[PDB]
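Residue-level structural notes
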Amino acid sequence: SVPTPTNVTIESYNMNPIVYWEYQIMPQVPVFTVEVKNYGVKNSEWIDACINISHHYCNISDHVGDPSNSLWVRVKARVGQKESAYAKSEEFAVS
Amino acid sequence: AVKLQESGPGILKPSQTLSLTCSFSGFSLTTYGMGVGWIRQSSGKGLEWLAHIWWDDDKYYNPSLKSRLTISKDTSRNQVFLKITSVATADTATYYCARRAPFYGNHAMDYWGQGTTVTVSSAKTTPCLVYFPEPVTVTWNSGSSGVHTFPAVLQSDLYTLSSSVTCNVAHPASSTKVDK
Amino acid sequence: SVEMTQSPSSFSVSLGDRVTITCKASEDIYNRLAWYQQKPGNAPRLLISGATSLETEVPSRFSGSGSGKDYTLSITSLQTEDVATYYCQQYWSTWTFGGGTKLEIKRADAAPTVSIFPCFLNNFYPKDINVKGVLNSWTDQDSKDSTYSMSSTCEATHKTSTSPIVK
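Looking up chain C in the PDB entry gives the name ANTIBODY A6, with the organism given as Mus musculus.

Going by the annotation in the PDB entry, the name recorded for chain B is ANTIBODY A6, with Mus musculus given as the source organism.

As structure tokens, then:
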């Protein structure tokens, strides 16, 4: 069963939101996928932000919209054809 | 008073397109955060969410059906519309439209219309044991207890039911009135 | 998509009982849950929103709760006005309804009066039944005496006996 990512951080100096998370070292290359969904005024589906990247960050500027809605994030990990469960993140409202 | 009403064709043939209308009053779809959606339901089945439209014309569709649905709104007429192409028999159901509860973080559907039943079939108004289209009304000596008028089931595209008692049969569509 | 499992489709209950209906979501829907009641041939009535917020007018004997993926609805004293189908709904990511749970009321096991014609299976309980080119329709539980009926030699197999009644 594949390891689940940890320490899901959301950061934004100015209006440039980027997600950062932690992962362990593996003999193979862990490739992550990041999803973001807004809620409040609207109730969108989970939309991909960064698909299969190697690094521990993901800029989500182009997924921010309507400061009234809060954003929530989740990230999973892949190694081969197996995937990890989602690391659900806490809420994000204002910069 | 906040009201919502759904209008439909009644009976429609396969491969056609379905034009559904949700006429409402009591509120405005121009107001920020407002939205209306469609939900269908067949006999003895559950509820199925179809699509939803927001005040800003942002639209949401149920993935399973996205390709056949188109939702639009007309604030100058206070109606939300839904179009369903390649109409199939499975699609025979009752259509409802309902608004989003006007509270932040809330998207529960507070007000619903009564709904409109659309039957998808290629048939014709064919006029104790009992045709098309439904309904029919089986009474006994013009009217209570021990009477079991059963739910209709369709053989080859015709409805036929049963009504036991321990029989005045009508049929509004073909103005039939068999006072047996 | 998110899935919502309501088990089961029905639940035999008696008035006065406390009834809990279960709704399970495939992933955390963060308490964005609604509950709807629906009596035959009528639009659903919204009962609860946000997992625990009752709509105004709704009787206090009703309450919802849960979290993460598990939510339930409880009616403290079932009353006739409460016999309906209850649906839960996730509104966190667009909308999904549960399968529904129809309340049926318990009563004495009753044997079906068969009358055949050149075949009616009227007024029985419980509801399950199998008969032996032909088609069947079943009625809804009768409101006067919570019995059932069904339409289709003619024989059945019901738990009020074992010797299949053949008419």
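**Section: the overall build of chain B**
Secondary structure assignment for chain B yields zero helices and 18 strands. Its C-alpha atoms put chain B at 60 × 35 × 30 Å along the principal axes. Counting across all 180 residues of chain B, residues that qualify as buried make up 44%. Within the structure as shown, chain B displays about 9000 Å² of accessible surface, and the carbon and sulfur contribution to it stands at 51%. Placing the 15 positive and 11 negative side-chain charges of chain B at their respective mean positions leaves the two points 4 Å apart.

**So, the pairing of strand 1 (residues 4-7) of chain C**
Residues and elements named next belong to chain C. Of the two faces of strand 1, the one lined by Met4 and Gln6 is fully buried and the one lined by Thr5 and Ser7 carries no buried residue. With four bridges connecting them, strand 1 and strand 3 (residues 19-25) associate as antiparallel partners. Note that in strand 3 the partner of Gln6 across the bridge is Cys23.

**Some details on the pairing of strand 5 (residues 48-54) of chain B**
Regular strands place their side chains on alternate faces of the sheet. Residues and elements named next belong to chain B. The buried count for strand 5 comes to six of seven residues, which makes it a mostly enclosed element. Of the strand pairs in this sheet, strand 4 (residues 35-41) and strand 5 are connected by five bridges, and their pairing is antiparallel. Paired with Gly35 across the bridge in strand 5 is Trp54. Between strand 4 and strand 5, which pair antiparallel and follow one another directly, the connecting turn spans six residues, one of which, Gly44, has a positive phi of 60°. Where strand 5 and strand 6 (residues 59-61) come together, three bridges link them in antiparallel fashion. Residue pairing in the sheet places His52 in a bridge with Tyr60 of strand 6. Adjacent in sequence and paired antiparallel, strand 5 and strand 6 are bridged by four residues, among which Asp57 carries a positive phi angle near 70°.

**Digging into the state of the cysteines**
By definition, a disulfide links the sulfur atoms of two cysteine residues through a covalent bond. All names here are of chain C. Counted by the stated rule, this structure contains five disulfides over all chains. Two residues, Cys23 and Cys88, share a disulfide whose sulfurs are 2.0 Å apart. Its S-S torsion of about 80° marks the bond between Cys23 and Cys88 as right-handed, since a negative value means left-handed. Placement of the pair is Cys23 in strand 3 and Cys88 in strand 9 (residues 85-90), with a sequence separation of 65 residues.

**Notes on unusual backbone geometry**
Each neighbour pair has its own omega, and for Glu134 of chain B with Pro135 of chain B the value is 5°, a cis peptide bond. Mapped onto the elements of the fold, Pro135 of chain B is located in the loop between strand 11 (116-120) and strand 12 (137-139). Between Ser7 of chain C and the following residue, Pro8 of chain C, the backbone shows a cis peptide bond with an omega angle of -5°. Assignment of secondary structure puts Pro8 of chain C in the loop between strand 1 and strand 2 (10-13). Of note, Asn14 of chain A is a non-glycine position whose phi angle comes to about 70°, a positive value.

**Here we look at the interface of chain C and chain B**
Contact residues are listed per partner, giving 26 residues for chain C and 26 residues for chain B. Across the interface of chain C and chain B, roughly 2200 Å² is buried in total on both sides, 67% from carbon and sulfur atoms. For chain C, the biggest contributors to the area lost against chain B are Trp95, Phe97 and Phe120 of chain C; these three give 30% of the whole. If you look at where chain C meets chain B, you find zero salt bridges. Here the side of chain C that touches chain B is built from residues that sort into twelve nonpolar, 13 polar and one charged.

**What to know about the sheet that holds strand 13 (residues 120-124) of chain C**
Residue and element names in this part refer to chain C. Ordered in space as 12-13-16-15, the four strands form an open sheet in which the pairing is antiparallel. Across the chains shown, the open sheet's two edge strands, defined by having one partner strand only, are strand 12 (113-115) and strand 15 (137-138). One ladder, built from three bridges, connects strand 12 with strand 13; its direction is antiparallel. Following the sheet pairing, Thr113 is matched in strand 13 by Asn122.

**Looking at the interface of chain A and chain B**
Each side of the interface is counted separately: chain A has ten residues, and chain B has twelve residues. Regarding the contact of chain A and chain B, the summed buried area is about 900 Å², with carbon and sulfur atoms giving 45% of it. Joining chain A to chain B, the criterion identifies two salt bridges. With its nearest N and O atoms 2.8 Å apart, the salt bridge here joins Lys42 of chain A to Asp56 of chain B. Taken together, chain A and chain B are joined by 14 residue pairs in polar contact. Its residues placed into classes, the side of chain A that touches chain B shows two nonpolar, six polar and two charged.

Calculation criteria
Residues numbered from 1 in each chain as written, not as in the entry; some residues may be left out. Chains lettered and ligands numbered in written order. Heavy atoms only, no water. Helix = DSSP H or I, 4+ residues; strand = E, 2+ residues; numbered from the N terminus. Buried < 20%, exposed > 50% of the residue type's maximum accessible area, 1.4 Å probe, protein only. Areas by Shrake-Rupley, 256 points an atom, 1.4 Å probe, with all protein chains shown as cover. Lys, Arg positive; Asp, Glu negative; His and termini not counted. Charge placed at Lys NZ, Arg CZ, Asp CG, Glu CD. Pairing = 2+ DSSP bridges. Disulfide = S-S within 2.5 Å. Contact = heavy atoms within 4.5 Å. Buried area = accessible area lost by both parts, 1.4 Å probe. Salt bridge = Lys/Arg side-chain N within 4 Å of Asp/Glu carboxyl O. Nonpolar A, V, L, I, M, F, W, Y, C, P; charged D, E, K, R; others polar. Polar contact = N/O pair within 3.5 Å; in protein donor to acceptor, adjacent residues only side chain to side chain.

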